[PDB]
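S.K.: This is structure-v8.cif (mmCIF, N, CA and C atoms; chains and numbers go by the auth columns).
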```cif
data_coords
#
loop_
_atom_site.group_PDB
_atom_site.id
_atom_site.type_symbol
_atom_site.label_atom_id
_atom_site.label_comp_id
_atom_site.label_asym_id
_atom_site.label_seq_id
_atom_site.Cartn_x
_atom_site.Cartn_y
_atom_site.Cartn_z
_atom_site.B_iso_or_equiv
_atom_site.auth_seq_id
_atom_site.auth_asym_id
ATOM 1 N N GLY A 1 0.809 -1.202 0.000 0.00 1 A
ATOM 2 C CA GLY A 1 0.000 0.000 0.000 0.00 1 A
ATOM 3 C C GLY A 1 0.845 1.256 0.000 0.00 1 A
ATOM 4 N N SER A 2 1.731 1.358 0.990 0.00 2 A
ATOM 5 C CA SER A 2 2.601 2.522 1.156 0.00 2 A
ATOM 6 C C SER A 2 1.773 3.784 1.393 0.00 2 A
ATOM 7 N N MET A 3 0.641 3.603 2.057 0.00 3 A
ATOM 8 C CA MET A 3 -0.273 4.694 2.338 0.00 3 A
ATOM 9 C C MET A 3 0.067 5.327 3.680 0.00 3 A
ATOM 10 N N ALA A 4 -0.085 6.638 3.768 0.00 4 A
ATOM 11 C CA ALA A 4 0.325 7.368 4.951 0.00 4 A
ATOM 12 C C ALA A 4 -0.857 7.690 5.853 0.00 4 A
ATOM 13 N N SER A 5 -0.579 7.830 7.138 0.00 5 A
ATOM 14 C CA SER A 5 -1.557 8.347 8.080 0.00 5 A
ATOM 15 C C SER A 5 -1.055 9.674 8.633 0.00 5 A
ATOM 16 N N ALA A 6 0.090 10.094 8.119 0.00 6 A
ATOM 17 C CA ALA A 6 0.715 11.337 8.522 0.00 6 A
ATOM 18 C C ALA A 6 1.257 12.052 7.297 0.00 6 A
ATOM 19 N N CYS A 7 1.364 13.361 7.386 0.00 7 A
ATOM 20 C CA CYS A 7 1.869 14.164 6.290 0.00 7 A
ATOM 21 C C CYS A 7 3.317 14.559 6.555 0.00 7 A
ATOM 22 N N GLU A 8 4.108 14.681 5.500 0.00 8 A
ATOM 23 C CA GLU A 8 5.502 15.063 5.649 0.00 8 A
ATOM 24 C C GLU A 8 5.646 16.562 5.431 0.00 8 A
ATOM 25 N N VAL A 9 5.776 17.291 6.528 0.00 9 A
ATOM 26 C CA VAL A 9 5.900 18.736 6.475 0.00 9 A
ATOM 27 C C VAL A 9 7.354 19.129 6.300 0.00 9 A
ATOM 28 N N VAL A 10 7.687 19.632 5.126 0.00 10 A
ATOM 29 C CA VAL A 10 9.025 20.125 4.859 0.00 10 A
ATOM 30 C C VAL A 10 8.953 21.506 4.213 0.00 10 A
ATOM 31 N N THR A 11 9.181 22.522 5.027 0.00 11 A
ATOM 32 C CA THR A 11 9.151 23.900 4.567 0.00 11 A
ATOM 33 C C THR A 11 10.336 24.672 5.142 0.00 11 A
ATOM 34 N N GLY A 12 10.959 25.491 4.308 0.00 12 A
ATOM 35 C CA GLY A 12 12.086 26.282 4.736 0.00 12 A
ATOM 36 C C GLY A 12 12.644 27.083 3.586 0.00 12 A
ATOM 37 N N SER A 13 13.772 27.730 3.807 0.00 13 A
ATOM 38 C CA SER A 13 14.414 28.502 2.761 0.00 13 A
ATOM 39 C C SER A 13 15.161 27.569 1.804 0.00 13 A
ATOM 40 N N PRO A 14 15.339 27.993 0.540 0.00 14 A
ATOM 41 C CA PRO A 14 15.992 27.181 -0.506 0.00 14 A
ATOM 42 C C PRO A 14 17.417 26.765 -0.144 0.00 14 A
ATOM 43 N N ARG A 15 17.965 27.388 0.891 0.00 15 A
ATOM 44 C CA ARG A 15 19.305 27.067 1.365 0.00 15 A
ATOM 45 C C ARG A 15 19.368 25.636 1.907 0.00 15 A
ATOM 46 N N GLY A 16 18.217 25.106 2.297 0.00 16 A
ATOM 47 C CA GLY A 16 18.181 23.796 2.919 0.00 16 A
ATOM 48 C C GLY A 16 17.915 23.906 4.400 0.00 16 A
ATOM 49 N N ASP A 17 17.310 25.019 4.781 0.00 17 A
ATOM 50 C CA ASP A 17 16.987 25.292 6.176 0.00 17 A
ATOM 51 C C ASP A 17 15.600 24.739 6.489 0.00 17 A
ATOM 52 N N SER A 18 15.106 23.906 5.585 0.00 18 A
ATOM 53 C CA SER A 18 13.782 23.323 5.697 0.00 18 A
ATOM 54 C C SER A 18 13.760 22.200 6.729 0.00 18 A
ATOM 55 N N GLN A 19 12.747 22.208 7.580 0.00 19 A
ATOM 56 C CA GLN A 19 12.595 21.176 8.595 0.00 19 A
ATOM 57 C C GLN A 19 11.532 20.174 8.163 0.00 19 A
ATOM 58 N N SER A 20 11.963 18.988 7.749 0.00 20 A
ATOM 59 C CA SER A 20 11.039 17.939 7.352 0.00 20 A
ATOM 60 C C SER A 20 10.665 17.077 8.558 0.00 20 A
ATOM 61 N N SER A 21 9.383 17.059 8.894 0.00 21 A
ATOM 62 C CA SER A 21 8.890 16.267 10.009 0.00 21 A
ATOM 63 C C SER A 21 7.475 15.783 9.726 0.00 21 A
ATOM 64 N N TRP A 22 7.121 14.644 10.300 0.00 22 A
ATOM 65 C CA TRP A 22 5.830 14.021 10.033 0.00 22 A
ATOM 66 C C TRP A 22 4.783 14.441 11.051 0.00 22 A
ATOM 67 N N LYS A 23 3.672 14.961 10.552 0.00 23 A
ATOM 68 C CA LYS A 23 2.542 15.324 11.392 0.00 23 A
ATOM 69 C C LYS A 23 1.376 14.389 11.101 0.00 23 A
ATOM 70 N N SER A 24 0.811 13.778 12.131 0.00 24 A
ATOM 71 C CA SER A 24 -0.348 12.915 11.950 0.00 24 A
ATOM 72 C C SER A 24 -1.539 13.744 11.472 0.00 24 A
ATOM 73 N N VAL A 25 -2.436 13.138 10.698 0.00 25 A
ATOM 74 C CA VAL A 25 -3.611 13.858 10.214 0.00 25 A
ATOM 75 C C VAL A 25 -4.438 14.405 11.376 0.00 25 A
ATOM 76 N N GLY A 26 -4.980 15.596 11.184 0.00 26 A
ATOM 77 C CA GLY A 26 -5.649 16.284 12.270 0.00 26 A
ATOM 78 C C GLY A 26 -4.786 17.392 12.845 0.00 26 A
ATOM 79 N N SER A 27 -3.599 17.560 12.276 0.00 27 A
ATOM 80 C CA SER A 27 -2.684 18.609 12.706 0.00 27 A
ATOM 81 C C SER A 27 -2.863 19.868 11.857 0.00 27 A
ATOM 82 N N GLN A 28 -2.758 21.025 12.505 0.00 28 A
ATOM 83 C CA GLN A 28 -2.913 22.312 11.837 0.00 28 A
ATOM 84 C C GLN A 28 -1.791 23.244 12.256 0.00 28 A
ATOM 85 N N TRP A 29 -1.386 24.106 11.343 0.00 29 A
ATOM 86 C CA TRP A 29 -0.316 25.070 11.609 0.00 29 A
ATOM 87 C C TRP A 29 -0.359 26.199 10.591 0.00 29 A
ATOM 88 N N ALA A 30 0.440 27.231 10.819 0.00 30 A
ATOM 89 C CA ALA A 30 0.475 28.376 9.925 0.00 30 A
ATOM 90 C C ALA A 30 1.662 28.284 8.976 0.00 30 A
ATOM 91 N N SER A 31 1.471 28.765 7.756 0.00 31 A
ATOM 92 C CA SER A 31 2.528 28.805 6.763 0.00 31 A
ATOM 93 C C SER A 31 3.640 29.777 7.169 0.00 31 A
ATOM 94 N N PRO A 32 4.870 29.269 7.347 0.00 32 A
ATOM 95 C CA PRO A 32 6.012 30.076 7.777 0.00 32 A
ATOM 96 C C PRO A 32 6.647 30.863 6.628 0.00 32 A
ATOM 97 N N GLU A 33 6.790 30.208 5.481 0.00 33 A
ATOM 98 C CA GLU A 33 7.436 30.809 4.316 0.00 33 A
ATOM 99 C C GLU A 33 6.587 31.930 3.718 0.00 33 A
ATOM 100 N N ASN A 34 5.286 31.712 3.701 0.00 34 A
ATOM 101 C CA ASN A 34 4.345 32.628 3.072 0.00 34 A
ATOM 102 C C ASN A 34 3.682 33.514 4.121 0.00 34 A
ATOM 103 N N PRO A 35 2.729 34.377 3.710 0.00 35 A
ATOM 104 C CA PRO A 35 1.760 34.989 4.621 0.00 35 A
ATOM 105 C C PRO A 35 1.014 33.891 5.356 0.00 35 A
ATOM 106 N N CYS A 36 0.086 34.225 6.213 0.00 36 A
ATOM 107 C CA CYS A 36 -0.362 33.230 7.156 0.00 36 A
ATOM 108 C C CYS A 36 -1.611 32.551 6.644 0.00 36 A
ATOM 109 N N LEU A 37 -1.555 31.235 6.706 0.00 37 A
ATOM 110 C CA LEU A 37 -2.599 30.365 6.233 0.00 37 A
ATOM 111 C C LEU A 37 -2.513 29.085 7.052 0.00 37 A
ATOM 112 N N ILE A 38 -3.634 28.420 7.255 0.00 38 A
ATOM 113 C CA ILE A 38 -3.672 27.235 8.098 0.00 38 A
ATOM 114 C C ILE A 38 -3.567 25.970 7.256 0.00 38 A
ATOM 115 N N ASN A 39 -2.463 25.264 7.412 0.00 39 A
ATOM 116 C CA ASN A 39 -2.253 24.013 6.702 0.00 39 A
ATOM 117 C C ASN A 39 -2.808 22.876 7.533 0.00 39 A
ATOM 118 N N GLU A 40 -3.917 22.327 7.078 0.00 40 A
ATOM 119 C CA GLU A 40 -4.619 21.286 7.807 0.00 40 A
ATOM 120 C C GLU A 40 -4.397 19.939 7.136 0.00 40 A
ATOM 121 N N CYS A 41 -3.686 19.051 7.807 0.00 41 A
ATOM 122 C CA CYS A 41 -3.437 17.724 7.257 0.00 41 A
ATOM 123 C C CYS A 41 -4.656 16.842 7.429 0.00 41 A
ATOM 124 N N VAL A 42 -5.306 16.556 6.315 0.00 42 A
ATOM 125 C CA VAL A 42 -6.582 15.874 6.320 0.00 42 A
ATOM 126 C C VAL A 42 -6.469 14.475 5.739 0.00 42 A
ATOM 127 N N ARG A 43 -7.244 13.566 6.309 0.00 43 A
ATOM 128 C CA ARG A 43 -7.331 12.213 5.805 0.00 43 A
ATOM 129 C C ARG A 43 -8.711 11.992 5.203 0.00 43 A
ATOM 130 N N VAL A 44 -8.765 11.895 3.890 0.00 44 A
ATOM 131 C CA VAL A 44 -10.019 11.692 3.187 0.00 44 A
ATOM 132 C C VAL A 44 -10.103 10.245 2.720 0.00 44 A
ATOM 133 N N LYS A 45 -10.972 9.476 3.373 0.00 45 A
ATOM 134 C CA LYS A 45 -11.074 8.016 3.207 0.00 45 A
ATOM 135 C C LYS A 45 -9.700 7.327 3.227 0.00 45 A
ATOM 136 N N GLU A 46 -9.077 7.182 2.066 0.00 46 A
ATOM 137 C CA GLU A 46 -7.804 6.480 1.954 0.00 46 A
ATOM 138 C C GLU A 46 -6.735 7.419 1.393 0.00 46 A
ATOM 139 N N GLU A 47 -7.091 8.693 1.298 0.00 47 A
ATOM 140 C CA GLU A 47 -6.220 9.719 0.757 0.00 47 A
ATOM 141 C C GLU A 47 -5.806 10.672 1.870 0.00 47 A
ATOM 142 N N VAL A 48 -4.520 10.904 2.005 0.00 48 A
ATOM 143 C CA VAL A 48 -4.007 11.764 3.062 0.00 48 A
ATOM 144 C C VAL A 48 -3.175 12.887 2.459 0.00 48 A
ATOM 145 N N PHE A 49 -3.625 14.120 2.634 0.00 49 A
ATOM 146 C CA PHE A 49 -2.949 15.254 2.021 0.00 49 A
ATOM 147 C C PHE A 49 -3.046 16.488 2.906 0.00 49 A
ATOM 148 N N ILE A 50 -2.290 17.519 2.554 0.00 50 A
ATOM 149 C CA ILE A 50 -2.323 18.777 3.282 0.00 50 A
ATOM 150 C C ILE A 50 -3.303 19.730 2.619 0.00 50 A
ATOM 151 N N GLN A 51 -4.331 20.117 3.350 0.00 51 A
ATOM 152 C CA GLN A 51 -5.326 21.027 2.824 0.00 51 A
ATOM 153 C C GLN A 51 -4.934 22.462 3.137 0.00 51 A
ATOM 154 N N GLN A 52 -4.713 23.231 2.086 0.00 52 A
ATOM 155 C CA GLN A 52 -4.338 24.622 2.214 0.00 52 A
ATOM 156 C C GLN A 52 -5.589 25.472 2.408 0.00 52 A
ATOM 157 N N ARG A 53 -5.847 25.862 3.643 0.00 53 A
ATOM 158 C CA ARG A 53 -6.996 26.693 3.945 0.00 53 A
ATOM 159 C C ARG A 53 -6.543 27.947 4.675 0.00 53 A
ATOM 160 N N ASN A 54 -7.377 28.961 4.700 0.00 54 A
ATOM 161 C CA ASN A 54 -6.983 30.227 5.293 0.00 54 A
ATOM 162 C C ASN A 54 -7.173 30.208 6.801 0.00 54 A
ATOM 163 N N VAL A 55 -6.528 31.150 7.474 0.00 55 A
ATOM 164 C CA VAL A 55 -6.576 31.220 8.924 0.00 55 A
ATOM 165 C C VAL A 55 -7.967 31.631 9.396 0.00 55 A
ATOM 166 N N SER A 56 -8.338 31.173 10.574 0.00 56 A
ATOM 167 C CA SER A 56 -9.631 31.490 11.142 0.00 56 A
ATOM 168 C C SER A 56 -9.483 32.603 12.173 0.00 56 A
ATOM 169 N N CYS A 57 -10.075 33.749 11.881 0.00 57 A
ATOM 170 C CA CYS A 57 -10.031 34.895 12.778 0.00 57 A
ATOM 171 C C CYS A 57 -11.371 35.622 12.746 0.00 57 A
ATOM 172 N N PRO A 58 -11.679 36.412 13.789 0.00 58 A
ATOM 173 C CA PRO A 58 -12.961 37.118 13.895 0.00 58 A
ATOM 174 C C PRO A 58 -13.064 38.320 12.958 0.00 58 A
ATOM 175 N N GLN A 59 -14.197 39.000 13.031 0.00 59 A
ATOM 176 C CA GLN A 59 -14.460 40.174 12.216 0.00 59 A
ATOM 177 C C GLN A 59 -13.699 41.379 12.759 0.00 59 A
ATOM 178 N N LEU A 60 -13.529 42.393 11.921 0.00 60 A
ATOM 179 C CA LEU A 60 -12.789 43.591 12.298 0.00 60 A
ATOM 180 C C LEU A 60 -13.705 44.581 13.018 0.00 60 A
ATOM 181 N N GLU A 61 -14.977 44.223 13.121 0.00 61 A
ATOM 182 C CA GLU A 61 -15.957 45.052 13.801 0.00 61 A
ATOM 183 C C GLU A 61 -15.726 45.027 15.312 0.00 61 A
ATOM 184 N N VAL A 62 -16.080 46.115 15.979 0.00 62 A
ATOM 185 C CA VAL A 62 -15.819 46.256 17.405 0.00 62 A
ATOM 186 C C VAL A 62 -16.783 45.409 18.229 0.00 62 A
ATOM 187 N N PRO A 63 -16.245 44.543 19.099 0.00 63 A
ATOM 188 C CA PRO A 63 -17.049 43.696 19.988 0.00 63 A
ATOM 189 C C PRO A 63 -17.850 44.519 20.995 0.00 63 A
ATOM 190 N N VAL A 64 -19.004 43.998 21.387 0.00 64 A
ATOM 191 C CA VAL A 64 -19.882 44.684 22.324 0.00 64 A
ATOM 192 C C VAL A 64 -19.291 44.713 23.733 0.00 64 A
ATOM 193 N N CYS A 65 -18.829 45.882 24.122 0.00 65 A
ATOM 194 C CA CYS A 65 -18.332 46.116 25.466 0.00 65 A
ATOM 195 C C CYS A 65 -18.779 47.493 25.941 0.00 65 A
ATOM 196 N N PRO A 66 -18.884 47.696 27.263 0.00 66 A
ATOM 197 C CA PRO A 66 -19.356 48.960 27.829 0.00 66 A
ATOM 198 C C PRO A 66 -18.355 50.087 27.626 0.00 66 A
ATOM 199 N N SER A 67 -18.865 51.305 27.487 0.00 67 A
ATOM 200 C CA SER A 67 -18.019 52.474 27.331 0.00 67 A
ATOM 201 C C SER A 67 -17.022 52.569 28.482 0.00 67 A
ATOM 202 N N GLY A 68 -15.770 52.817 28.139 0.00 68 A
ATOM 203 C CA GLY A 68 -14.710 52.781 29.122 0.00 68 A
ATOM 204 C C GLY A 68 -13.798 51.593 28.895 0.00 68 A
ATOM 205 N N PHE A 69 -13.991 50.930 27.761 0.00 69 A
ATOM 206 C CA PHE A 69 -13.156 49.800 27.382 0.00 69 A
ATOM 207 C C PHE A 69 -11.997 50.277 26.520 0.00 69 A
ATOM 208 N N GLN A 70 -10.996 49.435 26.365 0.00 70 A
ATOM 209 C CA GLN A 70 -9.875 49.750 25.499 0.00 70 A
ATOM 210 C C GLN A 70 -9.834 48.784 24.325 0.00 70 A
ATOM 211 N N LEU A 71 -10.080 49.296 23.129 0.00 71 A
ATOM 212 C CA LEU A 71 -10.046 48.472 21.933 0.00 71 A
ATOM 213 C C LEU A 71 -8.610 48.069 21.619 0.00 71 A
ATOM 214 N N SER A 72 -8.327 46.786 21.768 0.00 72 A
ATOM 215 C CA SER A 72 -6.987 46.265 21.594 0.00 72 A
ATOM 216 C C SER A 72 -6.929 45.366 20.366 0.00 72 A
ATOM 217 N N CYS A 73 -6.328 45.870 19.302 0.00 73 A
ATOM 218 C CA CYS A 73 -6.125 45.074 18.107 0.00 73 A
ATOM 219 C C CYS A 73 -4.841 44.278 18.250 0.00 73 A
ATOM 220 N N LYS A 74 -4.986 42.980 18.446 0.00 74 A
ATOM 221 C CA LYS A 74 -3.863 42.137 18.803 0.00 74 A
ATOM 222 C C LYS A 74 -4.114 40.713 18.331 0.00 74 A
ATOM 223 N N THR A 75 -3.285 40.236 17.417 0.00 75 A
ATOM 224 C CA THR A 75 -3.446 38.899 16.873 0.00 75 A
ATOM 225 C C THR A 75 -2.090 38.225 16.704 0.00 75 A
ATOM 226 N N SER A 76 -2.075 36.906 16.798 0.00 76 A
ATOM 227 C CA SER A 76 -0.845 36.145 16.666 0.00 76 A
ATOM 228 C C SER A 76 -0.507 35.902 15.195 0.00 76 A
ATOM 229 N N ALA A 77 -1.533 35.710 14.378 0.00 77 A
ATOM 230 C CA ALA A 77 -1.335 35.375 12.972 0.00 77 A
ATOM 231 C C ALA A 77 -1.742 36.529 12.063 0.00 77 A
ATOM 232 N N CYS A 78 -1.598 36.321 10.758 0.00 78 A
ATOM 233 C CA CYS A 78 -1.978 37.321 9.774 0.00 78 A
ATOM 234 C C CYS A 78 -3.496 37.362 9.614 0.00 78 A
ATOM 235 N N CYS A 79 -4.142 38.288 10.320 0.00 79 A
ATOM 236 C CA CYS A 79 -5.581 38.490 10.209 0.00 79 A
ATOM 237 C C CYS A 79 -5.996 39.713 11.028 0.00 79 A
ATOM 238 N N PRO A 80 -7.245 40.185 10.882 0.00 80 A
ATOM 239 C CA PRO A 80 -7.801 41.235 11.731 0.00 80 A
ATOM 240 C C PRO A 80 -8.354 40.670 13.040 0.00 80 A
ATOM 241 N N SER A 81 -8.017 41.307 14.156 0.00 81 A
ATOM 242 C CA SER A 81 -8.507 40.871 15.456 0.00 81 A
ATOM 243 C C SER A 81 -8.389 42.005 16.475 0.00 81 A
ATOM 244 N N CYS A 82 -9.525 42.531 16.910 0.00 82 A
ATOM 245 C CA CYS A 82 -9.542 43.594 17.906 0.00 82 A
ATOM 246 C C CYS A 82 -10.531 43.256 19.015 0.00 82 A
ATOM 247 N N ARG A 83 -10.056 43.242 20.251 0.00 83 A
ATOM 248 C CA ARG A 83 -10.907 42.916 21.386 0.00 83 A
ATOM 249 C C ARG A 83 -11.113 44.148 22.259 0.00 83 A
ATOM 250 N N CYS A 84 -12.135 44.118 23.097 0.00 84 A
ATOM 251 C CA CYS A 84 -12.359 45.190 24.054 0.00 84 A
ATOM 252 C C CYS A 84 -11.771 44.812 25.409 0.00 84 A
ATOM 253 N N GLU A 85 -10.936 45.687 25.942 0.00 85 A
ATOM 254 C CA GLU A 85 -10.252 45.429 27.202 0.00 85 A
ATOM 255 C C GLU A 85 -11.034 46.041 28.353 0.00 85 A
#
```
So that I can check it, write out the structure of this file as structure tokens.

M.R.:
Amino acid sequence: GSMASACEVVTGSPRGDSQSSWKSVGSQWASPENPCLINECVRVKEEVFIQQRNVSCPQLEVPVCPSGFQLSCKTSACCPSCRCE
């Protein structure tokens, strides 16, 4: 068969600074080389591949908080995210 239950993640600079490591399906991470996107290793019946999907983040609209809050735009990944402090 030679069928995988894990994906081989190898991403890095062309110099050979790429880190190849196996992630079991169900693993998600952000694209390091590119802008930010969520690479979701999916197992579809007997097919196992990396699904290139975009990052999940909230709307840029201001969350409902009482006057006297501090709007804090702060996110870990490439997306819009502002919370009320």

S.K.: State, in Å with one decimal place, the distance from atom N of residue 49 of chain A to atom CA of residue 7 of chain A.

M.R.: 6.6 Å

S.K.: Let me know the residues the PyMOL selection byres (((chain A and resi 4 and name CA) around 12) and name CA) catches in the file above, as a ChimeraX atom specification.

M.R.: /A:1-3,5-8,22-25,41-50

S.K.: Could you check the closest approach to residue 79 of chain A for each of A:32, A:26, A:58, A:63 and tell me which residue wins, using only C-alpha atoms?

M.R.: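 Going through A:32, A:26, A:58, A:63 one by one, the smallest distance to residue 79 of chain A is for A:58.
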
S.K.: Step by step, work through what the PyMOL selection byres (((chain A and resi 62 and name CA) around 9) and name CA) selects in the shown file, and finish by giving those residues as a list in words.

M.R.: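 Taken on the displayed file, the PyMOL selection byres (((chain A and resi 62 and name CA) around 9) and name CA) yields the residues residues 59, 60, 61, 63, 64, 65, 71, 82, 83 and 84 of chain A.
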
S.K.: Please produce a file of those selected residues containing N, CA and C atoms, as a PDB file, in the coordinates of the input.

M.R.:
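The resulting file, again.pdb, is shown below:
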```pdb
ATOM      1  N   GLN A  59     -14.197  39.000  13.031  1.00  0.00           N
ATOM      2  CA  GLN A  59     -14.460  40.174  12.216  1.00  0.00           C
ATOM      3  C   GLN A  59     -13.699  41.379  12.759  1.00  0.00           C
ATOM      4  N   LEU A  60     -13.529  42.393  11.921  1.00  0.00           N
ATOM      5  CA  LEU A  60     -12.789  43.591  12.298  1.00  0.00           C
ATOM      6  C   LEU A  60     -13.705  44.581  13.018  1.00  0.00           C
ATOM      7  N   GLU A  61     -14.977  44.223  13.121  1.00  0.00           N
ATOM      8  CA  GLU A  61     -15.957  45.052  13.801  1.00  0.00           C
ATOM      9  C   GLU A  61     -15.726  45.027  15.312  1.00  0.00           C
ATOM     10  N   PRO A  63     -16.245  44.543  19.099  1.00  0.00           N
ATOM     11  CA  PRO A  63     -17.049  43.696  19.988  1.00  0.00           C
ATOM     12  C   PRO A  63     -17.850  44.519  20.995  1.00  0.00           C
ATOM     13  N   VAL A  64     -19.004  43.998  21.387  1.00  0.00           N
ATOM     14  CA  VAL A  64     -19.882  44.684  22.324  1.00  0.00           C
ATOM     15  C   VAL A  64     -19.291  44.713  23.733  1.00  0.00           C
ATOM     16  N   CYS A  65     -18.829  45.882  24.122  1.00  0.00           N
ATOM     17  CA  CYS A  65     -18.332  46.116  25.466  1.00  0.00           C
ATOM     18  C   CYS A  65     -18.779  47.493  25.941  1.00  0.00           C
ATOM     19  N   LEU A  71     -10.080  49.296  23.129  1.00  0.00           N
ATOM     20  CA  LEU A  71     -10.046  48.472  21.933  1.00  0.00           C
ATOM     21  C   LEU A  71      -8.610  48.069  21.619  1.00  0.00           C
ATOM     22  N   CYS A  82      -9.525  42.531  16.910  1.00  0.00           N
ATOM     23  CA  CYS A  82      -9.542  43.594  17.906  1.00  0.00           C
ATOM     24  C   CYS A  82     -10.531  43.256  19.015  1.00  0.00           C
ATOM     25  N   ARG A  83     -10.056  43.242  20.251  1.00  0.00           N
ATOM     26  CA  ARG A  83     -10.907  42.916  21.386  1.00  0.00           C
ATOM     27  C   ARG A  83     -11.113  44.148  22.259  1.00  0.00           C
ATOM     28  N   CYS A  84     -12.135  44.118  23.097  1.00  0.00           N
ATOM     29  CA  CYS A  84     -12.359  45.190  24.054  1.00  0.00           C
ATOM     30  C   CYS A  84     -11.771  44.812  25.409  1.00  0.00           C
TER      31      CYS A  84
END
```

S.K.: Would you mind listing what lies within 8 Å of segment 74-78 of chain A as a PyMOL selection string, with all atoms listed in the file counted and same-chain residues fewer than 4 positions away left out?

M.R.: chain A and resi 30+35-37+55-57+82-83
